[PDB]
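Trainee: Pasting in a structure now, in structure tokens, and then I'll have a few things to ask.
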Amino acid sequence: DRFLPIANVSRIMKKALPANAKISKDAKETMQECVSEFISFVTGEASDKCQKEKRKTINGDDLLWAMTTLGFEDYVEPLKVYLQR
Amino acid sequence: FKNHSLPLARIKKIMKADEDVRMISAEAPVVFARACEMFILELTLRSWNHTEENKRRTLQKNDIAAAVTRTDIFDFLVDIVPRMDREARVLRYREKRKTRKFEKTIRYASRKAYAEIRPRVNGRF
DNA sequence: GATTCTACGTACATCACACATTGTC
DNA sequence: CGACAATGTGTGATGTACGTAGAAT
């Protein structure tokens with residue numbers, strides 16, 4: 001319950017790799033731990049900004065400002081497009 | 001279209017581990033879904049470069065560890081892999097990592113009471 | 001050791017709606 | 001400023017999609 005489901009993480013990893021490729025199980029476990037820790041990293045930064053801006057609800061723009069502050073800049077712009085709902 | 005890959009409820013649980021989090025918009029789990037997906041993609045490719053550098057067809061943990069240690073955007077991971085402000089924030093992140101609560105915590109017990117009272121069909125409202 | 005495959009068994013998604021939240025006045 | 005109004009999100013119970021656990025290839 002402390003990490004993301006492993007089947008979905010592993011399938012996402014497969015989508016990035018050729019069909020002939022293989023993935024160690026230890027690598028799958030490490031990858032799922034890494035993504036859960038990345039989530040908590042960005043969430044802590046977004047919460048820092050929301051406290052600094054006297055807000056209590058966490059929104060997408062807060063997440064993206066956090067991710068930009070954390071160096072994942074090249075992630076932001078398509079995620080901005082994904083936001084439109 | 002909007003039937004997502006990974007579960008949103010799990011992202012919410014992982015978020016709620018931070019005690020400085022009160023309300024989570026519906027936008028945030030949907031954003032994090034694709035954010036994590038793209039993160040997986042980048043990290044897997046960065047590690048696959050090293051796997052190819054060892055002429056191997058299998059991705060093992062040491063490949064990911066090398067990929068982590070090569071690039072600074074994943075410096076926060078150095079504590080989890082076997083190996084001027086942003087770095088201080090990374091250490092703040094490490095300190096917050098120790099203080100994580102995954103226990104079911106109620107924040108707006110009024111909403112809880114109303115939910116105990118609301119009319120529910122098949123458990124649904 | 002790592003993938004497919006099947007059948008369990010779990011945890012995700014879903015609901016309505018009183019007030020917390022927001023930024024605007 | 002701090003109140004108005006409008007927009008929006010926390011909260012439990014449950015069926016059922018879906019991830020999990022093992023052998024077998």
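Chain identifiers are assigned as A, B, and so on, following the order in which chains appear in the structure tokens; residues are numbered from 1 within each chain, and ligands are numbered from 1 in order of appearance.
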Could you please select, counting only C-alpha atoms (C1' of nucleotides), the residues of chain C within 10 Å of chain B and state them as a ChimeraX atom specification?
Mentor: /C:2,11-21
Trainee: Okay, now the selection with C-alpha atoms (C1' of nucleotides), as a PDB file, in the first residue's frame?
Mentor:
ATOM      1  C1'  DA C   2      12.264 -13.996 -16.254  1.00  0.00           C
ATOM      2  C1'  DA C  11      -8.318  -2.759  -3.433  1.00  0.00           C
ATOM      3  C1'  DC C  12      -9.903   0.895  -7.170  1.00  0.00           C
ATOM      4  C1'  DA C  13     -13.664   3.646  -8.808  1.00  0.00           C
ATOM      5  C1'  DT C  14     -18.231   5.491  -7.910  1.00  0.00           C
ATOM      6  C1'  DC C  15     -21.934   7.902  -5.797  1.00  0.00           C
ATOM      7  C1'  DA C  16     -24.573  13.015  -3.442  1.00  0.00           C
ATOM      8  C1'  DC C  17     -24.132  17.189  -1.152  1.00  0.00           C
ATOM      9  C1'  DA C  18     -23.205  20.121   3.148  1.00  0.00           C
ATOM     10  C1'  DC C  19     -19.750  23.402   3.965  1.00  0.00           C
ATOM     11  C1'  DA C  20     -14.417  24.309   3.398  1.00  0.00           C
ATOM     12  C1'  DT C  21     -11.903  26.968  -0.104  1.00  0.00           C
TER      13       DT C  21
END
Trainee: Kindly provide the residues of chain D that approach chain A to within 10 Å, each paired with its closest atom pair and their distance in Å to one decimal, based on only C-alpha atoms (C1' of nucleotides), listed by chain and increasing number, as a Markdown table.
Mentor:
| residue | atom | partner | partner_atom | distance |
| --- | --- | --- | --- | --- |
| D:8 | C1' | A:57 | CA | 9.9 |
| D:9 | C1' | A:57 | CA | 8.8 |
| D:18 | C1' | A:7 | CA | 9.9 |
| D:19 | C1' | A:7 | CA | 6.6 |
| D:20 | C1' | A:7 | CA | 8.8 |
Trainee: Generate a file of the selected residues that holds N, CA and C atoms (P, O5', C5', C4', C3', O3' and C1' of nucleotides), formatted as a CSV table (one decimal), in the first residue's frame.
Mentor:
chain,number,residue,atom,x,y,z
D,8,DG,P,-14.9,24.5,-10.4
D,8,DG,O5',-14.7,23.9,-8.9
D,8,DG,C5',-13.8,24.5,-8.0
D,8,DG,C4',-13.7,23.6,-6.8
D,8,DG,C3',-13.5,22.1,-7.1
D,8,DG,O3',-12.5,21.5,-6.3
D,8,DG,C1',-15.3,22.4,-5.7
D,9,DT,P,-11.8,20.2,-6.7
D,9,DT,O5',-11.4,19.4,-5.4
D,9,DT,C5',-11.1,20.2,-4.2
D,9,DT,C4',-11.7,19.5,-3.0
D,9,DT,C3',-11.4,18.0,-2.9
D,9,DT,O3',-11.0,17.7,-1.6
D,9,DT,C1',-13.7,18.5,-2.6
D,18,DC,P,-10.1,-2.6,-15.7
D,18,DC,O5',-9.0,-3.2,-14.7
D,18,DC,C5',-8.8,-2.5,-13.4
D,18,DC,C4',-7.8,-3.3,-12.6
D,18,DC,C3',-6.7,-4.0,-13.4
D,18,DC,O3',-5.5,-4.0,-12.6
D,18,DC,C1',-7.8,-5.5,-12.0
D,19,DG,P,-4.1,-3.5,-13.3
D,19,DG,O5',-3.1,-3.8,-12.1
D,19,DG,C5',-3.3,-3.2,-10.8
D,19,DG,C4',-3.1,-4.2,-9.7
D,19,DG,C3',-1.8,-5.0,-9.7
D,19,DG,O3',-1.3,-5.0,-8.4
D,19,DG,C1',-3.5,-6.5,-9.8
D,20,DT,P,0.2,-5.6,-8.1
D,20,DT,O5',0.0,-7.0,-7.5
D,20,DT,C5',-0.8,-7.2,-6.3
D,20,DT,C4',-0.9,-8.7,-5.9
D,20,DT,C3',0.4,-9.4,-6.0
D,20,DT,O3',0.5,-10.3,-4.9
D,20,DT,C1',-1.3,-10.5,-7.2
Trainee: Looking only at helix (DSSP H, G or I) from DSSP on the backbone, list the matching residues of chain B as an MDAnalysis selection string.
Mentor: chainID B and resid 8:16 27:53 61:70 72:79 85:98 109:117
Trainee: Could you list, as JSON, numbers by chain, every residue of chain D that has an atom within 8 Å of an atom of chain B, counting only C-alpha atoms (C1' of nucleotides)?
Mentor: {"D": [9, 10, 11, 12, 13, 14, 15]}
Trainee: Please determine the contact residues of chain A with respect to chain C at a cut-off of 9 Å, counting only C-alpha atoms (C1' of nucleotides), and supply them as a list in words.
Mentor: residues 22, 23, 24, 25, 55, 56 and 57 of chain A
Trainee: Restrict the distance test to only C-alpha atoms, flag each residue of chain A within 8 Å of chain B, and return the flagged residues as a PyMOL selection string.
Mentor: chain A and resi 1-5+8-9+12-13+16-17+20-27+30-31+34-41+43-44+47+56-60+63+69-72+75+79+82-83
Trainee: List every residue of chain B that DSSP, applied to the backbone of this structure, places in strand (DSSP E), and write the result as an MDAnalysis selection string.
Mentor: chainID B and resid 23:24 58:59
Trainee: So the first atom is atom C1' of residue 7 of chain D and the second is atom CA of residue 68 of chain A; what is the distance between them in Å, to one decimal place?
Mentor: 27.2 Å
